[PDB]
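These protein sequence lines are chains A and A', in that order. A prime marks a further copy of an entry chain. Going by PDB author numbering, the letters in the first sequence line up with residues 220 to 738, in that order. Going by PDB author numbering, the letters in the second sequence line up with residues 376 to 427, in that order. All C-beta atoms, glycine included, are put in the ideal place defined by N, C-alpha and C.
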Amino acid sequence: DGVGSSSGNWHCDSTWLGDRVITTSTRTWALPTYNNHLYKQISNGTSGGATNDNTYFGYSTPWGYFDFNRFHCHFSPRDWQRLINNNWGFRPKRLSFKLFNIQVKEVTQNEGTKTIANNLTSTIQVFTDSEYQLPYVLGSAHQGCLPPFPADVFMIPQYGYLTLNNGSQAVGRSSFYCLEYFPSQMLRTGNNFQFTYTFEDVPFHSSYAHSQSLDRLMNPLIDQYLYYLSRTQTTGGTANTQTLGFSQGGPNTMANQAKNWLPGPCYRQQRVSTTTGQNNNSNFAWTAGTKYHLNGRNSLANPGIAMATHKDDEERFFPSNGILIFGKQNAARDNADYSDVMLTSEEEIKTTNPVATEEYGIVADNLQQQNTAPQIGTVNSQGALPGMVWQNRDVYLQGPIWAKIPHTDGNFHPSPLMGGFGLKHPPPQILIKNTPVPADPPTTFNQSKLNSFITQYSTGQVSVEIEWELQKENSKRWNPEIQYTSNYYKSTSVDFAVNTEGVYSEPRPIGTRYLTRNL
Amino acid sequence: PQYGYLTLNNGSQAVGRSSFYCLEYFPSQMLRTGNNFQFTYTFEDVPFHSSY
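Okay, structure coming up:
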C-alpha cells in the first residue's frame, strides 16, 4: 500500500457453469463537491401556480451514493440473449463490491488559467448502512446508474430525502438525519474498500409465456356430466310461457362449461391510441387519468397492477399510465415526441390477466320477478377473490432489479409494480464524500465556523460481481420455439454498437418471456 | 501502431453477419510506474527451412 503501486485490477467478465452465471463489471467514476459542504432545508408550497398534489419537505446532503439497480449494468446484450432463450427463470444469490485506485485532486483558478494538480494526503469517507437506519432511495428508478457501455465515465448522484409535511411546513413527527453520525472508513490514495452481501430466499422470476388459457383448459372431445340453465321461455311461437330447461356442456358450448379458476384482479384505466386522429380532441392526460387518493393528494397509479396491455390484433392501443415507457438516445426531457420514446408491450399475460382497458365482468343488480325485468352491472374495479391466478409484470434490459418492502404490519403479494424482485433486506446503500480541507485561517481567534475551503474532487474505479442461479428448460414440445434474434438484412450501422461519433445507443427494449410452458 | 480491423461488407454497408469486438471486454493487467509485465510462449512443430 504505497503511492507508486496500484491496488487493483480490471475484472469485467462473465462465466457460465450449467446452473450458475457470475457477471463482473467495472467502471470509472468521479465525485464533485456538493452544496459547499452544507446541509440545507428544501421545500415546496401551495403558493404560486403550484398545486397541493406536488408539495414536499426534506433535506439535501453533501454525500453521494452508488446506484447499480438496473439490469444493463451487468449483462452485455449477448448475455441477455443467452439468458432469455435457454432458461425458465433466474434469481440472484450473492454479490460483492470493491473500490480501488482512489485519486484526489485539487484545482486552482487564477485569471482563466485553470490548473489541476495532485493531492496525496486528502481523504475520502465511505461507509455502508447495513442495519437500514437511513431512508432508502434506491429502487425508485432514478438516474445515475453505471453506464451500459464499459468504456464510459459517469458522475455520482447526490443524496437527499423527504419527510412528512403540511404544505411547506414540517410537523412534530418529522425527522432530521445527520450523516456524520455513522462510523465510516477514511481512505487516502493507496487504500481500498470492499464488502460482501448475501440475498435471502425469493421466488424465481417467471421468464416464460403460457401456451394455453384459463377458458380453454378442458377436453375438446368429451361432454361434461354437470348441467346448467339453458332456457327460461318456451319457443313454440308467440304464445310463450315460463319454463325451465337444462343442458350439458360440450365441444360446441365451451363458453357455458363449468370452470374451476378465475382471472386476475382488475383496476381499469383509460385507453389511448398511437394514431393521433383517433383520439378525443382535448387535453385528457391528467383529468382522465387513473388515480389513487391518499391524505388530500391525488397520486398517479403508475403503472398500476399487473394487467395485459392489448388484446388480439390491437397493437396500436395502450393504457395511458399503465406501462413502462423508455426514452431513446438523445430524447428531450420535456415534451418528447412519439418517435423519441419506446413503448413496451405486455401481451404475453393475456392468457390469465384481464386487459387493462376493459372491464372485469358483469354481475347481477336486483331481484327479478314477474313484473320486474332483470338488470346487470359492469364491474370496473375488482379486488381479490378466492381462486384467482395472475402473472407478475415482466422485467427488461434497462429496467430495475429490486425494491425494499416497506416495514408495515400487513401487505398482500409483495411484488413490485415496476417489475423485479421483492426484498425485505435489500443491498445496503453506499455513501461517499470528500473530507473538507480549510483555507488559511486568521491569526486572531474567531468563534465562527470556517467557511473558506479549497476546491477538490476525486476519482477512481468500482467493481461489482453478482452471482445468479438459473432454472433449465425441460419441455417435450415438438415444433420449433420462438427465439430472440437479430435482423438479417443490411443496415447503416450495427445495432447495440457505437455511432460514427462514439455514442453508444440501444435500439429497442428487450423483454424476457419468449419460451413456453403449459399451464 | 494503431489497431483496426475489417469485417464483411456490401459496398459501404455492413450485413447481418458482421461483427463488433469491444476490446475492454477482455481481462487486462493495469500497471503503474514500478510494475512490469511478461509471459512465455512455445512454438509447435514445423518443418525446417530449406536454406540451401
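Between residue i and chain A', is any beta-carbon pair separated by less than 9 angstroms?
i, result
"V713 of chain A", "yes"
"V717 of chain A", "yes"
"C231 of chain A", "yes"
"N338 of chain A", "no"
"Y615 of chain A", "no"
"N498 of chain A", "no"
"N653 of chain A", "no"
"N288 of chain A", "no"
"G508 of chain A", "no"
"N228 of chain A", "yes"
"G679 of chain A", "no"
"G223 of chain A", "yes"
"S295 of chain A", "yes"
"residue 165 of chain A", "Residue 165 of chain A falls outside the range modelled here, since chain A spans only 220 to 738, and no answer is possible."
Counting only C-beta atoms, is residue i closer than 9 angstroms to chain A at any point?
i, result
"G409 of chain A'", "yes"
"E399 of chain A'", "yes"
"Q413 of chain A'", "no"
"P402 of chain A'", "yes"
So, helix, strand or coil for residue i, using DSSP?
i, result
"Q690 of chain A", "strand"
"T570 of chain A", "helix"
"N338 of chain A", "strand"
"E577 of chain A", "coil"
"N410 of chain A", "coil"
"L586 of chain A", "coil"
"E684 of chain A", "strand"
"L433 of chain A", "helix"
"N665 of chain A", "coil"
"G237 of chain A", "coil"
"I595 of chain A", "strand"
"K709 of chain A", "coil"
"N329 of chain A", "strand"
"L604 of chain A", "coil"
"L250 of chain A", "strand"
"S225 of chain A", "coil"
"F715 of chain A", "coil"
"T678 of chain A", "strand"
Short check: CB of residue i to CB of residue j, under 9 angstroms?
i, j, result
"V681 of chain A", "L318 of chain A", "yes"
"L383 of chain A", "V372 of chain A", "no"
"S225 of chain A", "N410 of chain A'", "yes"
"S492 of chain A", "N475 of chain A", "no"
"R490 of chain A", "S564 of chain A", "no"
"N228 of chain A", "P402 of chain A'", "yes"
"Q328 of chain A", "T678 of chain A", "no"
"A525 of chain A", "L636 of chain A", "yes"
"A583 of chain A", "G602 of chain A", "no"
"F412 of chain A", "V345 of chain A", "yes"
"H293 of chain A", "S359 of chain A", "no"
"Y733 of chain A", "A428 of chain A", "yes"
"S466 of chain A", "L738 of chain A", "no"
"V323 of chain A", "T334 of chain A", "no"
"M437 of chain A", "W248 of chain A", "no"
"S349 of chain A", "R487 of chain A", "no"
"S393 of chain A'", "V717 of chain A", "no"
"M607 of chain A", "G483 of chain A", "yes"
"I343 of chain A", "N653 of chain A", "yes"
"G541 of chain A", "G523 of chain A", "yes"
Report task. Would you mind listing the alpha helix (DSSP H) stretches within the region 437-507 of chain A that are 4+ residues and don't spill past its ends, in chain order? Result -> none
Query raised in the report: Taking any Cβ of chain A', which residues in the region 363-377 of chain A have a Cβ under 7 angstroms from it, in chain order?
Result: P369 and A370
**Report entry** Any beta strand (DSSP E) of 3 or more consecutive residues that is wholly inside the region 511-565 of chain A
**Finding:** 517-519, 536-538, 544-546 and 560-562
Requested in this report: Compile a chain-ordered list of the residues in the region 379-399 of chain A' whose CB is closer than 8 angstroms to at least one CB of chain A.
Outcome: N385, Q388, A389, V390, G391, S393, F395, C397 and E399
Requested in this report: Only counting runs of 3 or more residues, tell me where the beta strand (DSSP E) segments fall wholly within the region 289-327 of chain A, in order along the chain.
Outcome: none
Report task. Could you list the residues in the region 696-708 of chain A with a C-beta less than 7 angstroms from some C-beta on chain A', going in chain order? Result -> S705, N706, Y707 and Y708
Query raised in the report: What are the uninterrupted segments assigned as beta strand (DSSP E) that are 3 or more residues long and contained completely in the region 260-287 of chain A, given in chain order?
Result: 275-279
Report task. Give, in chain order, every unbroken run of the alpha helix (DSSP H) that is at least 4 residues long and sits entirely within the region 624-675 of chain A. Result -> none
Query raised in the report: Could you give the uninterrupted runs of the alpha helix (DSSP H) lying entirely in the region 376-426 of chain A', keeping only those of 4 residues or more?
Result: none
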